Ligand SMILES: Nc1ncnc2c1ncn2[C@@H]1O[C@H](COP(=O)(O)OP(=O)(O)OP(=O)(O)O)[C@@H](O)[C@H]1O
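In the form solved without adenosine-5'-triphosphate (ATP), a lone chain appears below as C-alpha cells.
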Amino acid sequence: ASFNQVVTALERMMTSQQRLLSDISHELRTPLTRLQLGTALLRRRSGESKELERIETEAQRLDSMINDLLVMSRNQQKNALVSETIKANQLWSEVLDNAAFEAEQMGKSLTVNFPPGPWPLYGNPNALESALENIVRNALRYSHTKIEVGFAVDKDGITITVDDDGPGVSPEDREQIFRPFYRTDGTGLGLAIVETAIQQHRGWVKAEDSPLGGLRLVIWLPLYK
C-alpha cells in the first residue's frame, strides 16, 4: 500500500514531465507542419529552387532536433534505471579498437599509451561507452595528424585523458567547449551530451591545453566501491 503509493507517485511525476515534453513537441510541430505543407505545395509546383530546398532542409533539421528532445529524454530515464558494475577495459575496449580503425581510414594515428585496466565502474554501459566514443571521434576530427588516449586510476576514480595535435585552443574557447549540443562541422551531437552523461554518473569533464598542441579533454568517473 505505501510502498505502492511511493512507486505510483514517482511514476506519476515522471509521466507528467514526459507529457509536458510531448505537448511542447506537438505545439512546436503545429506551425512546423503547416510550414512543411506550404513548402511541399510550392516545391511540387515551382520545383528547382536553392532557396526552397534550403527552407525544406532547415524545417527538417528543426524537426530532427525536436525528435532528439523526445528520444534523448526518454533515454535519460534508461540511464537512471539501467545500471551495472562494469570493468573499465571491458567497457571501452570496442570504442578504442573502432577509433584506431577510424584513425587509420582518416590517415591519422591513435595511441592508447596508458591502457584501461579491470577497474570497477557503476553506471549505464551504453551511455559511458558513447560519452568516450564522442570525445575520441571529436579528437579524430580536430587533430592534424594524431590523437592520444590515456587511462589512470587511483583509490577514488578513473581519469581518461584525450589529447590531439589540432590547432591551439584559446582559454575562452576551452571554457565554453562543453556548451554546444550539436556539431558545427539532422545534426551530429556536440560535447554538451558528453558533460551531461558524465555528470549524470557523478563524474566531471574538463577542457585543457594538450601537450600535443591541440585540445586535451579530461573525464573523471568515480570507482565503484
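One rule holds for the numbers: they count along the sequence shown, beginning at 1. Rigid core: the largest C-alpha set superposing within 1.5 Å between the two forms.
The discussion below concerns the form solved in complex with adenosine-5'-triphosphate (ATP), not included here.
Peer 1: From the list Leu52, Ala59, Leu189, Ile66, which entry has a heavy atom within 4.5 Å of adenosine-5'-triphosphate (ATP) in the bound PDB entry?
Peer 2: By the 4.5 Å criterion, the partner-contacting residue is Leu189.
Peer 1: Each of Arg12, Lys87 and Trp119 having a non-hydrogen atom within 4.5 Å of adenosine-5'-triphosphate (ATP) in the bound PDB entry: is that the case here?
Peer 2: No.
Peer 1: Determine whether any heavy atom of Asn138 comes within 4.5 Å of a heavy atom of adenosine-5'-triphosphate (ATP) in the bound PDB entry, and answer yes or no.
Peer 2: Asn138 belongs to the contact set for adenosine-5'-triphosphate (ATP).
Peer 1: With a cut-off of 4.5 Å between heavy atoms, is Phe114 one of the residues that contacts adenosine-5'-triphosphate (ATP) in the bound PDB entry?
Peer 2: Result no; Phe114 lies far from adenosine-5'-triphosphate (ATP) in the bound PDB entry.
Peer 1: Wondering, does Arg43 line up within 4.5 Å of adenosine-5'-triphosphate (ATP) in the bound PDB entry on heavy atoms?
Peer 2: Close contact is absent here: in the bound PDB entry, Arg43 is far from adenosine-5'-triphosphate (ATP), nothing within 4.5 Å, heavy atoms only.
Peer 1: Does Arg34 reach adenosine-5'-triphosphate (ATP) in the bound PDB entry if we count a contact as any heavy atom within 4.5 Å?
Peer 2: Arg34: no contact with adenosine-5'-triphosphate (ATP) in the bound PDB entry.
Peer 1: Going by heavy atoms within 4.5 Å, which of 43-51, 196-204, 153-161, 24-32 lines up against adenosine-5'-triphosphate (ATP) in the bound PDB entry?
Peer 2: Answer to the contact question: 24-32.
Peer 1: Would you give me the residues of 150-187 that have any heavy atom within 4.5 Å of adenosine-5'-triphosphate (ATP) in the bound PDB entry, in order from first to last?
Peer 2: The stretch 150-187, when checked against adenosine-5'-triphosphate (ATP) in the bound PDB entry, contributes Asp164, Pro167, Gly168, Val169, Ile177, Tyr182, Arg183, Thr184, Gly186, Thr187 at the 4.5 Å heavy-atom cut-off.
Peer 1: Taking the rigid core as the reference frame, tell me whether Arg12 has a CA displacement of 2 angstroms or more between the shown form and the other one.
Peer 2: Yes; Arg12 is a residue whose C-alpha shifts (by 2 Å or more) between the shown form and the other one when the cores are overlaid.
Peer 1: If the two forms are fitted on the core, does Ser109 show a Cα displacement reaching 2 angstroms between the shown form and the other one?
Peer 2: No, the C-alpha moves less than 2 Å.
Peer 1: Kindly check if the Cα atom of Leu21 is displaced 2 angstroms or more between the shown form and the other one relative to the superposed rigid core.
Peer 2: Yes; that C-alpha moves by at least 2 Å between the shown form and the other one.
Peer 1: Is the CA-CA spacing of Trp220 and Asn79 tighter or wider in the bound PDB entry than here, given a 3 Å or more change?
Peer 2: Between the C-alphas of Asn79 and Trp220, the gap widens in the bound PDB entry (3 Å or more compared with this form).
Peer 1: Closer or farther apart in the bound PDB entry, the C-alpha atoms of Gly123 and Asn75, for a change of 3 Å or more?
Peer 2: Note: Cα gap between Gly123 and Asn75 widens in the bound PDB entry.
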